[PDB]
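heads up, no residue letters with this:
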RNA sequence: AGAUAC
Ligand SMILES: [Mg+2]
């Protein structure tokens, strides 16, 4: 065991024996020595080289290496020491490689990510002496050769991480993202030498010369409120403030000091902690009157198009057209229900039912077929991907949905063509058909032998929204044909039994009330700048739609496995938990069978025992949805995993050579999981920004629920009324509260929206 | 933190 397989990360959860890097101890190795014991305290116990323990949140783990009292302490310590030693020895050599291959990976035009693993492999497999010979070809040989085994050397891994954190300080690499489920790094940006490293070197130089004269000249202009000259003269400083508020340079400490000096020289801002919000306030103050300014949108990793690389790609997307334009089953005038919101972009799904008997119904799930618009759907002559629009699409591994804006994974042209829901238009689908039988027990049974996958056509699309459907199933609405209206009631009654089945039979875990309140929508102004809040609805139509997609996705799992097809699955492992905690958890899991579903107060206590879901190149149980594999196909225009599962289908159904061998898959799943993580983050970050910006506009008291153990006399908390208003409370020393506890009257200390900071007193 | 849709 000198190397390990990245796959054991997916197969395993955090467990004792794991060797970790913590956010606390980024420069010392640690090792998990105990798991959480209760809901009262859900932290893991880690041991340092010194035998000193550390208790930390599962998510404080930045990277993970999978697996007589004194002997145990001794072997724990000597192990950690050995790994550190061999790690340190490589490090001066690794820094040299990092600077070097940074020359080959960099793109001159903007930030560009790379799989962190692929990167580690290059570090290991590279000879500096051969790379410097006047016969480059070598380096490119090592990079392509990174694809093979796929095993990874832990010490090189550790050293590379350390090397990157070091060269991060020179604006050579972006942040290292650590996936929540695997607890391991996924990707890191490679920032351009001239546009970021070098630019900020010249900035620092020009600002410190003649004892910070230009800092001084600038701060004067600000105090004299002459914003005009700032524009002509000091735009490089606006840039700097911008890169701080957006979160691009928040890790370069020189620049933070520079910024401290500037605030120190400005009257209003002089005494205040240097926070992105504060850079935002200033930058707003010295820039022409806007209506809103979400600066998170400037973030390089969020990677919205602004000049750059993505600005190049959208120049293609704007003029791209799916001229790839044949043996499909036609469903005729059979009606297809596309139950989406009024404010929807991509219509990926439709439902059709045929009532055959009182006992039996046949179901058709018509998924848009974006895979069809590309030569790769059918072309067995060329292995891999030749197409521009397709490579780009897979790079934007999902559509980016934010309260501010949306960035579709696919071009507008391809979306109009592939979209469902266009009435009386012959519309290509991929359709999954099967039959359900009502069972004697009142239950329901699914005939997998009915299950069928076909390339179809549909054209009869009833106009429907989750609301219209709901008012229909209440009787409020009767604008629909009685034949159509009854297919809905039938579908709704089928889902109810599907859901009841998933709970009692698949031991699925399904959430109750309160879980998605105060979500964020922008409203426009006298410009989308007004936040309005809502709850995600759990209704008859959502229940209907959801139950079927879940089922569709479960079945393609079965299909891909039985036919030995490489697919992108979505998995969920859960946590390794202490025996007393596993009972606190299990006690809640029987409550869902019995009829009570968990409250968010109840979930807060449980939330300290949950994992997150992750994509995988091979089947693993998604242990929430049920006890079985799960492969997402229902949203091929907005999820890359689904989109890839479709190209495999096109190949298979036309009995062609498949598009992807299993090896090409692991590379993409890494690419996808990376982009998935970034998006979860920036979704939370922006909505938080807006939750807080509203709490600012609204003006001192609110009720909260405790969500953490006191660390330095302070707890984490959340607002029941708002999902993205998470803060910290300074506990009153006069008295300690448990997790899930409510505190009704609380004083607001500070609010920093661009930073996500919310502070309170009791 | 799970799920669906977007
Ligand atoms: Mg829909």
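Looks like it came in fine. Numbers count the residues shown, from 1 in each chain, chains lettered A, B, ... in the order given.

Just list the residues touching residue A:453, thanks.
A:430-433, A:556, A:559, A:649, A:653 (C-beta atoms under 8 Å, 6 or more residues apart in numbering). (C-beta placed from N, C-alpha, C; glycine too.)

Ignore what I typed, I meant residue A:176.
Contact analysis of residue A:176 by C-beta under 8 Å, 6+ apart lists A:62, A:116, A:161, A:164-165, A:185, A:187-188.

Mind picking the two most distant members of these?
The largest separation in those, counting by C-beta to C-beta, is between A:165 and A:187 at 14.8 Å.

Tell me which of these two has more neighbours.
residue A:187 (25 against 16; other C-beta atoms under 10 Å).

Residue in chain A with the shortest distance to the ion?
For chain A and the ion, the shortest gap (C-beta to the ion) falls at residue A:340, measuring 3.6 Å.

For that residue, which non-adjacent residue is spatially closest?
residue A:347 (5.7 Å; C-beta to C-beta, 6 or more residues apart in numbering).

From residue A:688, how far off is that neighbour?
29 Å (C-beta to C-beta, to the nearest Å).

more neighbours, the two?
Between residue A:347 and residue A:688, counting by other C-beta under 10 Å, residue A:688 is the more crowded of the two (23 against 19).

which residues of the stretch 151-300 of chain A fall in helices?
Secondary structure of the stretch 151-300 of chain A (DSSP state H, counting those that start in this stretch): helices located at A:154-168, A:199-223, A:227-233, A:235-245, A:253-264, A:276-285.

of all these, which lies closest to residue A:300?
helix A:235-245 (8.6 Å).

near RNA strand B, which residues of the stretch 501-650 of chain A?
Residues of the stretch 501-650 of chain A lying close to RNA strand B (C-beta under 7 Å from any atom of the strand) are A:509-511, A:515-516, A:536, A:542, A:545-546, A:549-550, A:553, A:570, A:572, A:600, A:603-604, A:607, A:610-613, A:622, A:624-625, A:632, A:634-635, A:638.

so how far is RNA strand B from residue A:203?
35 Å (C-beta to the nearest atom of the strand, to the nearest Å).

quick one on the thing from earlier: looking at the contacts of residue A:453, which has the most residues close by?
Neighbour max across the contacts of residue A:453 (other C-beta under 10 Å) = residue A:649, 27 neighbours.

Quick one: distance of the helix or strand hosting that residue to the chain centre.
Element membership for residue A:649 (DSSP states H and E) is helix A:640-653. Relative to the chain's own centre, helix A:640-653 is displaced by 22 Å; criterion: C-alpha atoms, centre = their mean, to the nearest Å.

Okay, buried residues for that helix please.
By 16 or more other C-beta atoms under 10 Å, the buried positions in helix A:640-653 come out as A:640-652.

list the helices and strands that helix packs on?
Here helix A:640-653 touches helix A:388-395, strand A:444-458, helix A:540-562, helix A:662-698, going by 3 or more C-beta pairs under 8 Å, 6 or more residues apart in numbering; DSSP states H and E.

Nearest to residue A:43 among the ones you listed would be which one?
helix A:662-698 (22.1 Å).

got the contact list for residue A:352?
A:331, A:334-337, A:363-366, A:458, A:487.

So which of those residues are in helices?
Per DSSP state H, helices hold the following members of the contacts of residue A:352: residue A:487.

So whatever residue of the stretch 1-150 of chain A ends up closest to RNA strand B: helix, strand or coil?
RNA strand B sits closest to residue A:59 of the stretch 1-150 of chain A, with a gap of 6.1 Å, by C-beta to the nearest atom of the strand. The three-state label given to residue A:59 by DSSP: H, G, I helix; E, B strand; the rest coil is helix.

Give the burial count for residue A:312, as a bare number.
13.

buried sites along the helix or strand where it lies?
Here residue A:312 sits within helix A:310-319, counting by DSSP H and E. Using 16+ other C-beta under 10 Å as the test for burial, helix A:310-319 gives A:310, A:313-314, A:317.

for stretch A:492-512, same thing?
A:492, A:494-495, A:497-499, A:501-503, A:506, A:508-509, A:511.

ok, now stretch A:20-29?
For stretch A:20-29, by 16+ other C-beta under 10 Å, it's A:20-22, A:25, A:29.

Pull out the buried positions in stretch A:282-291.
Quick answer for stretch A:282-291 (16+ other C-beta under 10 Å): A:282-283, A:286-287.

That stretch: end-to-end distance?
Using C-alpha to C-alpha, to the nearest Å, the end-to-end distance of stretch A:282-291 comes out at 15 Å.

Give me the distance from it to the chain's centre.
The answer for stretch A:282-291 is 31 Å, by C-alpha atoms, centre = their mean.

Quick check: end-to-end length of stretch A:508-526?
End-to-end distance for stretch A:508-526, by C-alpha to C-alpha: 47 Å.

list the buried ones in it?
A:508-509, A:511, A:514, A:517-520, A:522.

can you give me phi and psi for the residue of the stretch 651-762 of chain A found nearest RNA strand B?
When scored by C-beta to the nearest atom of the strand, the stretch 651-762 of chain A has residue A:723 as its residue closest to RNA strand B, at 6.1 Å. Note on residue A:723: its backbone torsions stand at phi -80, psi -30 [degrees, to the nearest 10].

burial of it, as a residue count?
Neighbour number of residue A:723 under other C-beta under 10 Å is 23.

re the thing from before, with distance to residue A:467 as new columns, can the helices and strands packed on helix A:640-653 be given to me in CSV?
As requested, the helices and strands packed on helix A:640-653 are exported to CSV (distance: least, C-beta to C-beta, whole Å):
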stretch, distance to residue A:467
helix A:388-395, 31
strand A:444-458, 23
helix A:540-562, 8
helix A:662-698, 23
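
Skip the chain neighbours and tell me the closest residue to residue A:560.
Residue A:560 sits nearest to residue A:567 (C-beta to C-beta, 6+ apart), 4.2 Å away.

quick one: what helix or strand has the one you found in it?
With DSSP H and E as the test, residue A:567 turns up in no helix or strand.

That one and residue A:649 touch, don't they?
No: Residue A:567 is beyond contact range of residue A:649, at 9.4 Å (criterion: C-beta atoms under 8 Å).

and for the two, which residues touch both?
Joint contacts of residue A:567 and residue A:649 (C-beta under 8 Å, 6+ apart) do not exist.

so who does the closest residue to residue A:399 other than its chain neighbours touch?
Of all residues not flanking residue A:399 in the chain, residue A:638 sits nearest, at 3.9 Å (C-beta to C-beta, 6+ apart). Neighbour list for residue A:638: A:346, A:348, A:398-399, A:408-409 [criterion: C-beta under 8 Å, 6+ apart].

ok, now with 10 Å
Neighbour list for residue A:638: A:345-346, A:348, A:368, A:370, A:398-401, A:406, A:408-410, A:415 [criterion: C-beta atoms under 10 Å, 6 or more residues apart in numbering].

same question, residue A:168
By C-beta under 10 Å, 6+ apart, the contact list for residue A:168 reads A:174-176, A:188-189, A:191, A:251-252.
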